[PDB]
Amino acid sequence: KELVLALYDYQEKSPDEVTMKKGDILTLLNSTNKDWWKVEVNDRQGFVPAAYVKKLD
């Protein structure tokens, strides 16, 4: 597993993005991009800004 913690709220602005709330724990799916990470937030997958999450492992 790789988990990350949402440091801020983020609301999706494009079709490939997802929404998260501060304090959510998200499953990290792909961190190859330096600016945008693909995560799973409960049941949805998509991108959020990498700077807005913190790796936990």
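About the criteria used
Residues numbered from 1 in each chain as written, not as in the entry; some residues may be left out. Heavy atoms only, no water. Helix = DSSP H or I, 4+ residues; strand = E, 2+ residues; numbered from the N terminus. Buried < 20%, exposed > 50% of the residue type's maximum accessible area, 1.4 Å probe, protein only. Contact = heavy atoms within 4.5 Å. Salt bridge = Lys/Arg side-chain N within 4 Å of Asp/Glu carboxyl O.

Here we take up the environment of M20. Relative to the helices and strands, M20 is located in the loop between β1 (3-6) and β2 (25-30). Taking relative accessible area as the criterion, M20 reaches 2% and is therefore assigned buried. A C-alpha to C-alpha distance of 9.7 Å links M20 and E40, two positions 20 residues apart in sequence. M20 has contacts with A6, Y8, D9, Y10, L26, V48, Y52 and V53, leaving out every residue within four places of it along the chain.

Quick look at the pattern of salt bridges now. A full pass over the atoms with the stated rule returns 4 salt bridges. The shortest N-O distance in the salt bridge between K1 and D57 comes to 3.1 Å. On the criterion of sequence distance, the pair formed by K1 in the segment before β1 and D57 in the segment after β5 (53-55) is long-range, its members being 56 residues apart. Neither residue differs from the other here; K1 and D57 are each classed as exposed. The partner of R44 in a salt bridge is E12, with the nearest N and O atoms 2.6 Å apart. Of this pair, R44 sits in strand β4 (residues 44-49) while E12 sits in the loop between β1 and β2, and the two are 32 residues apart along the sequence.

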